[PDB]
Structure formats: structure tokens, C-alpha cells
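**Student:**
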Ligand SMILES: [Ca+2]
Ligand SMILES: [Ca+2]
Ligand SMILES: [Ca+2]
Ligand SMILES: [Ca+2]
Ligand SMILES: [Ca+2]
Ligand SMILES: [Ca+2]
Ligand SMILES: [Ca+2]
Ligand SMILES: [Cu+2]
Ligand SMILES: [Cu+2]
Ligand SMILES: [Cu+2]
Ligand SMILES: [Cu+2]
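Residue numbers (the working numbering), protein chains in the order written: chain G, 1 to 213; chain W, 1001 to 1213.
1) Consult DSSP for residue 1004/W and reduce its assignment to one of helix, strand or coil.
2) On the three-state DSSP scale, how would you describe residue 1107/W?
3) So, does the region 1174-1181 of chain W touch the region 1132-1142 of chain W, judging by three or more C-beta pairs under 8 angstroms?
4) Drop a sphere of 10 angstroms on the beta-carbon of residue 12/G, count the other beta-carbons inside from all chains shown, and report buried for 16 or more, exposed for fewer.
5) Grouping DSSP H, G and I as helix and E and B as strand, with all else coil, what is residue 1027/W?
6) Whose CA, out of 1076/W, 1136/W, 1159/W and 1104/W, lies closest to the CA of residue 1004/W?
7) Count the other CB atoms within 10 Å of the CB of residue 122/G; is the residue buried (16 or more) or exposed (fewer)?
8) My assumption, with CB atoms under 8 angstroms, is that residue 1207/W sits in contact with residue 1172/W. Please give the rounded CB distance.
9) Please classify residue 966/W: does DSSP put it in a helix, a strand, or coil?
10) Entirely within the region 1112-1198 of chain W and at least 3 residues each: give me those beta strand (DSSP E) ranges in chain order.
11) Does at least one heavy atom of ligand 6 sit under 7 angstroms from the Cβ of residue 1105/W?
12) So which residues on chain W does residue 118/G lean against when the C-beta distance must stay under 9 angstroms?
13) So which residues on chain G does residue 1026/W lean against when the C-beta distance must stay under 9 angstroms?
14) Would residue 1104/W be called buried (16 or more neighbouring beta carbons within 10 Å of its own) or exposed?
15) Report the three-state DSSP secondary structure of residue 22/G (helix, strand or coil).
16) Using the three-state DSSP reduction, which class does residue 1071/W fall into: helix, strand or coil?
17) Could you check the C-alpha separation between residue 113/G and residue 164/G for me, to the nearest Å?
18) Within the same chain, show all residues whose beta-carbon is closer than 7 angstroms to that of residue 161/G, passing over the 5 residues directly before and after it, in chain order.
19) Looking at residue 1128/W: is its Cβ nearer than 8 angstroms to the Cβ of residue 1115/W?
20) Out of 1087/W, 1089/W, 1099/W and 1078/W, point me to the one whose CA is closest to residue 1070/W's CA.
21) Beta-carbon of residue 89/G versus every beta-carbon of chain W: anything under 8 angstroms?
22) With a threshold of 16 other CB atoms inside 10 Å of the CB of residue 106/G, please say whether the residue is buried or exposed.
23) Can you tell me whether DSSP reads residue 1206/W as helix, strand or coil?
24) Interface residues of chain G around residue 1023/W at Cβ under 7 angstroms?
25) If you follow the beta strand (DSSP E) that residue 93/G is in, where does it begin and where does it stop?
26) Is residue 1053/W buried or exposed, if buried means 16 or more other CB atoms sit within 10 Å of its CB?
27) Excluding five sequence neighbours on each side, which residues of the same chain lie with their C-beta closer than 6 angstroms to the C-beta of residue 1149/W?
28) Is residue 51/G near ligand 8 - that is, is its Cβ less than 7 angstroms away from at least one heavy atom of it?
29) According to DSSP, is residue 43/G helix, strand or coil?
30) When the cut-off is 8 angstroms and only beta carbons count, does residue 58/G lie next to chain W?
31) So who's on the other strand from residue 51/G, going by DSSP bridges?
32) Output the residues surrounding ligand 8, defined as those with a CB atom closer than 5 angstroms to any ligand heavy atom, in chain order.
33) Roughly how many angstroms separate the alpha carbons of residue 1028/W and residue 1200/W, rounded to a whole number?
34) Among 1156/W, 1057/W and 1159/W, which residue has its Cα nearest to the Cα of residue 1022/W?
35) Roughly how far, in whole angstroms, is the beta-carbon of residue 1007/W from the beta-carbon of residue 1080/W, given that I think they are within contact range, below 8 angstroms?
36) Sorry if obvious, but does the Cβ on residue 1068/W come closer than 7 angstroms to a heavy atom of ligand 4?
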């Protein structure tokens, strides 16, 4: 059986609407006047109205720019029915997949994270864990893949490189010895999350580490 | 059977190329890797290469801007063959119709027409017939429908309106009496053929009428 191929539609389309995606046809046009229709989430089910089909021509229509972050793929079904009201074709699967654009910056779950670590802890230890999320595609592209780093550390005593972060998980570790509560009680780190695995747009949040002698 | 609908492609399309018209798919993709091809005048037959198809994806491609005046309609067939070398679908007819643009001016059969009429002829008689052709569509549009007229007459003696031309057939007639061989031997008319039934682009040729005793 010949089947309609899935339809790839890049999100945030600028062209005019409605947009013609594809066109259905039943070879039983020769014998009788045929009428086309579509059903499924996106047509007659919520979100209703996004996809429609011209009853007599069979043109699949898109009325709104799509947002991949909202719905990545729609699973609709096209129908063909003679004047009799009875279907003359088995429903056809119309898969409409939305391609991703990097239109979302990373966002930290919280503006500020609080953690704590002890005095004589050996380098390579865990302190706390911060997390940021990017709603873009993180499977086929890097538009959604988040990378972690540290922008600055205050104060810069005894050293400027007192902590570190795993680029993928975002858990902060003690990199250098010399932690002392009597000297410095709190460490204000400004952590950074950037998409494109470090090559794209960036956002920042605060991570407070109190020391425990 | 769900079949691919005809494909309308306006002639003289700008880029980019190749252009994706439609895409084929056999649901036997589920079982085996399928390979696609197309045959017929326009693909493998003259004019060869105009339409081709990506073997693994099944994208129908157009490689050159089309000219309707050359070929109005292509009748191709798409094939699906499994990796094993066996056809998995009955060939499907991919009909590609080219819609017309008004890109052809009328052309007179001759750069100059020679005709003759007698001196004492009564108004309303026929003299000669000029003809121009438009290679554009004259059935669905008026891009090819030609209308005739007279731009000038030299000399303009005894009168400026000595002749006339039927707007449809293009046969020149004497509208006014007063033809004299002793006074004026030749009449250099510059006749005009314009498409759009008189409202479009125009071209002109000359029609020389010698008068006879
Ligand atoms: Ca989006
Ligand atoms: Ca996106
Ligand atoms: Ca992103
Ligand atoms: Ca042409
Ligand atoms: Ca034309
Ligand atoms: Ca024309
Ligand atoms: Ca005489
Ligand atoms: Cu609309
Ligand atoms: Cu700064
Ligand atoms: Cu090409
Ligand atoms: Cu002139």
C-alpha cells in the first residue's frame, strides 16, 4: 500500500496561513464524488483547529505557526467518504512532526541554591547540586543540551578556584583545600547554564555554600 | 486506494533547485528497506533528468524551471522495490501539470505582408489577411488569445481611415472609398497583434497594399 509520508514542519513558521502541507486523493474519484476529512488531537480533538482539510480538494491545512516545545508530533487520520456517507477508504495515517529551533534559553529551577561542605574535605568531593532546564530538542540536536560552569566566586580568598562543576550533571565539588569557617563563612558562586553544550545562549543563578568546621 | 494527487507547477519558477514536489512511501517500510524510482517521459526518457527521485527517501525532485509552451503535462510512474529487488507496490501515476504564464508575445507569420485591392472598390470588401500566433494558453486563459488592430497608415491621404481590420480574424477590409492609383500607389499599414484579447502585450508587423487599375 502507498501511504502518505510523515510531514516535517519547522516550528515558528513565518509564511502566510493557512499553509498547504499536502493533499489527499481517493482513486474512487472516477466512480463517485468523494469528500475528505481528518480527525485526532490537532483537528477535532484538543488542541482543536490546528489542522483542517478542505472537504472536496483534500488539502491538508495548517492555520497557526507550530511550537515544538508544545507538541512535537501530531497523529491525525484522513478519511474518504462518498456522497453516501459511507467510507470508501481505510483511514490514512497523517503524521505531522515539528522540527526544532533553538528558541529557548536555559532556566535554573531556582534563582538561588543552598549547600554546605566541611573543612578538611578532599578534592573531588560533593557539596551540592544545581540544575537548569532547556525545553528545546535535546535528542537530535544540541539546542536543548545544557552545559554547566562557574562565572565567578566571591570572595576570592584564599584562592579564586575553590570550587568546580561537572559540565553535564551540574554538581559542585571542592577542587582546592584551604576551607576555613573562622576566615570565610559563606561562598557566593555564580553558576552558569548555557545550551548548545557550551556554545550557545546562557543564563545564570546563585549557589551559596556555607562551610562547616 | 489513496493515490498521489496531480501536481500543479507554475512554469518559470525561480529557485531553489532541486525542488521537492511530493514524497512516496510504501508501508512495507515496516518490514524491509525499500528503494524508490521513477520512469516515463521527463525522468528516464526524453527530456531525461527533469524529474528524479531520491532512492531511499522517496522525494520527487524537479531540477529545472519548467516551460509550459514546451511540455504542458508530464505522466510519470513511481516504483517501489525492496532491497531484495522485488516490486512491492503497483506503479503509481505521478501526473505533473504545468500551469501557464503569459510569457509569450504574439508573433506575426511574416515580418511583412503584401496584398492588393482595386481602385473603384466599394467599401466593405476584403483585401488581404494577416495572422499572428500566441504560444500561450488560449483555452483556460487569454494569455494566448490574439486581437488585431492598425497602429498607423502611410500616407494619410486622402483620409486617415482608409482601411480596417477584423479584431479576431485579422483580415483587412476597405472601410472608405476614394482609392486612386494615379494618386497613391502603395499603402504601408503597420498592423498590430496583441494578446489578452487586446489588453496585453503587443507586437507589430507591416502590411503593404498596392492598388490596382
Ligand atoms: Ca518554540
Ligand atoms: Ca524549540
Ligand atoms: Ca536551548
Ligand atoms: Ca513558456
Ligand atoms: Ca506561457
Ligand atoms: Ca501571450
Ligand atoms: Ca487611373
Ligand atoms: Cu485560517
Ligand atoms: Cu560577573
Ligand atoms: Cu538538479
Ligand atoms: Cu508608431
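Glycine is no exception: its CB is placed at the ideal position from the N, C-alpha and C atoms.
**Tutor:** A quick look at the data gives this:
1) It is coil, neither helix nor strand.
2) Assigned with DSSP and collapsed to three states, residue 1107/W falls in strand.
3) No: the two stretches stay apart, fewer than three of their Cβ pairs being nearer than 8 angstroms.
4) Burial state of residue 12/G is exposed, judged by a 10 Å Cβ sphere holding fewer than 16 other Cβ atoms.
5) DSSP places residue 1027/W in helix when its eight states are reduced to three.
6) Selected option, being the one with the closest Cα: 1076/W.
7) Flag for residue 122/G reads exposed.
8) Their Cβ separation, rounded to whole angstroms, is 7 angstroms, which keeps residue 1207/W and residue 1172/W in contact under 8 angstroms.
9) Here chain W comprises residues numbered 1001 to 1213, so residue 966/W is not present and cannot be evaluated.
10) Those beta strand (DSSP E) runs which fall completely within the region 1112-1198 of chain W and span 3+ residues are 1112-1118, 1126-1129, 1147-1154, 1163-1165, 1171-1174 and 1186-1194.
11) Inclusion of residue 1105/W in the 7 angstroms shell around ligand 6 follows from its C-beta lying nearer than that to a non-hydrogen atom of the ligand.
12) Among the residues of chain W, none has a CB under 9 angstroms from the CB of residue 118/G; the nearest is roughly 58 angstroms distant.
13) Simply 1, 2 and 3.
14) Buried: at least 16 other Cβ atoms inside 10 Å.
15) Looking at residue 22/G - three-state DSSP - the assignment turns out to be strand.
16) In the structure shown, residue 1071/W falls within a coil segment according to DSSP collapsed to helix, strand and coil.
17) Their backbone Cα atoms lie some 15 angstroms apart in a straight line.
18) For residue 161/G, where only same-chain residues beyond five positions count, the Cβ hits under 7 angstroms are 175 and 176.
19) Yes; because the gap between Cβ atoms is below 8 angstroms, this pair is in contact.
20) For the residues 1087/W, 1089/W, 1099/W and 1078/W, the minimum Cα distance to residue 1070/W belongs to 1099/W.
21) Put simply, the CB of residue 89/G is near chain W, with a gap under 8 angstroms to one of its CB atoms.
22) Around the beta-carbon of residue 106/G, 16 or more other beta-carbon atoms lie within 10 Å, marking it buried.
23) Three-state DSSP puts residue 1206/W in a strand.
24) Chain-order list of chain G residues neighbouring residue 1023/W: 5, by C-beta distance under 7 angstroms.
25) First-last of the beta strand (DSSP E) with residue 93/G: 92-99.
26) Residue 1053/W is buried by the Cβ-count criterion.
27) Cβ within range, chain order: 1192.
28) No, Cβ of residue 51/G sits at least 7 angstroms from all heavy atoms of ligand 8.
29) In the three-state scheme derived from DSSP, where H, G and I count as helix and E and B as strand, residue 43/G is classed as coil.
30) So yes, residue 58/G belongs to the interface.
31) Beta-bridge pairing links residue 51/G to 62/G.
32) Residues flagged by the Cβ proximity filter: 18/G and 63/G.
33) Approximately 53 angstroms, taken between the alpha carbons.
34) Among 1156/W, 1057/W and 1159/W, the Cα nearest to that of residue 1022/W belongs to 1057/W.
35) With a Cβ gap of about 18 angstroms, residue 1007/W and residue 1080/W do not count as contacting.
36) Answer for residue 1068/W: yes, Cβ within range of ligand 4.
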